[PDB]
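Notes to accompany the following structure.
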Amino acid sequence: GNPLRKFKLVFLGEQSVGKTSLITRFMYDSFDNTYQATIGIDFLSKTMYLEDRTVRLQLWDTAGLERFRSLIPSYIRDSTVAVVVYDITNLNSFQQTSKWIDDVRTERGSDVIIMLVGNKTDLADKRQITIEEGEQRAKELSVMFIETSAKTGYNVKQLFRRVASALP
Amino acid sequence: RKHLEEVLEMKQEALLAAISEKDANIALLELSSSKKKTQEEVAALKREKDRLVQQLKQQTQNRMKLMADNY
Ligand SMILES: Nc1nc2c(ncn2[C@@H]2O[C@H](COP(=O)(O)OP(=O)(O)OP(=O)(O)O)[C@@H](O)[C@H]2O)c(=O)[nH]1
Ligand SMILES: [Mg+2]
C-alpha cells in the first residue's frame, strides 16, 4: 500500500573480511564455513518494509581480490549506500577502510550514506582493533558504524535495518 | 585504450540500470502477488533478471580480457 523505492548498496573491503557472508546471513539466514571468493561482482536484492515506506535493497557484492579492483569504481558510482567492511582480527583490513572510504567519496562526494562494519566479532581471542577505535574512526570520517558476526548472526539484521532507516 | 574504456563503460551503465529496473519491477509485483497470473509474470521477470545478470558477468570477463591487451 505504501510507495516503493529502490536503493543500491555496494559492499567494499579487503578480501576475506566477510562481505559475502554478511549478505548470505541477511538473505538466507545461513553461514558458509568454506571460503568461496567472489569472482568479480554479484547482485542480490531484498525488500524491506518500513513505516509508510517500502524499500527494495539492491546489493552489489564486490570482490576483494586485487585483479578486479579497477571494476569497483563503476559500482560505487551506481550506489547511494556504501558498506565498508573490515575484520576485527585484521589490523591491515581496518587501516585500508580509510582508502575504501576515500574512494567512495571520490565517486560520490557527500551524496552517499556510508556504514563502516567491523565483522567477525566472534573471533574475540584474535581481536586486533577495539570497538572504541572503530567507533572513533567512523566518527572522524563522518560515517555510521557497527560491529557484526556473520557467523553467529550478531548485529547483521541491525546493520541492514539501520541502513534502511537512514534512506530518504 | 582510453577510447575503448569509454565505450565499455557506457555499455555496462546501460546494463546496470536494466538489472536494477528489472529487479525493481519484480519487487513491485511481489507486493500484491495474490494471483496465479501475477506469480507467472514474476517468474518470467526473474528469468529475465538472471539473463541480464549473466550478461553482466560475461561483459565483465570480456572487459578484463580487452584491458589485458597493448595500447
Ligand atoms: N569466525 C568468522 N568467520 C567469518 C565471518 N564472516 C566470514 N567469515 C569467514 O571468512 C572467510 C571470508 O568470508 P567471505 O564472506 O567470503 O569474505 P569476502 O569479503 O566476501 O571475500 P572476497 O569476496 O574474496 O572479497 C570465509 O571463510 C568465512 O567463512 C564471521 O563473522 N566470523
Ligand atoms: Mg565475497
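Start at 1 and go down the list; that is how both ligands and their atoms are numbered. So that the names make sense, note that chain A is the first sequence line, chain B the second, and so on, each numbered from 1.
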Using a 4.0 Å heavy-atom cut-off, which part of [X] comes near ligand 1: side chain, backbone, both, or neither?
X: A/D32; value: backbone
X: A/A37; value: both
X: A/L22; value: neither
X: A/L123; value: side chain
X: A/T20; value: both

Joint hydrophobic cluster, A/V112 plus A/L9, side-chain heavy atoms closer than 4.5 Å:
no
Are A/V163 and A/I114 grouped together when hydrophobic residues (ILVMFWY) are joined by side-chain heavy atoms under 4.5 angstrom apart?
no
Measuring only between side-chain heavy atoms, which start at C-beta, is A/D103 closer than 4.5 Å to A/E107?
no
Indicate yes or no: does an N/O atom of [X] lie under 3.5 Å from an N/O atom of ligand 1?
X: A/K151; value: yes
X: A/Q15; value: no
X: A/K19; value: yes
X: A/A150; value: yes

Considering only NZ, NE, NH1 and NH2 on the basic side and carboxylate oxygens on the acidic side, decide whether [X] and [Y] come within less than 4.0 Å.
X: A/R108; Y: A/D111; answer: yes
X: A/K139; Y: A/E135; answer: no
X: A/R127; Y: A/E133; answer: no

Note: ligand 1 atoms sitting under 4.0 Å from heavy atoms of A/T38 are 23 (O), 24 (O)
Atom 32 (N) of ligand 1 [closest protein heavy-atom partner, distance rounded to 0.1 Å]
A/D122 OD1, 2.7 Å
Protein contact of atom 4 (C) of ligand 1 - nearest heavy atom, named by residue and atom, plus distance
A/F31 CZ, 3.7 Å
For A/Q58 and B/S20, which I'm curious about, is there any donor-acceptor pair between the side chains at under 3.5 Å?
yes
Under a 3.5 Å threshold, yes or no: a donor from one side chain and an acceptor from the other, between A/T34 and A/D32?
no
Should A/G13 be listed as contacting ligand 1, given a heavy-atom distance under 4.0 Å as the test?
no
Can you pull out every side chain to side chain donor-acceptor pair (under 3.5 Å) where at least one residue sits in residues 35-52 of chain A? Sequence neighbours excluded, please.
A/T20-A/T38, A/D42-B/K57, A/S45-A/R56, A/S45-B/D23, A/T47-A/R56
Which residues and atoms, protein N, O or S only, are under 2.8 Å from the Mg ion (ligand 2)?
A/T20 OG1, A/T38 OG1
Between A/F7, A/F11, A/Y75, which is the residue that forms a ring-ring contact (aromatic ring centres under 6.0 Å, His included) with A/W60?
A/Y75
If the plane angle is over 60° it's perpendicular, under 30° parallel, otherwise tilted; pick one for A/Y86 and A/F94.
tilted
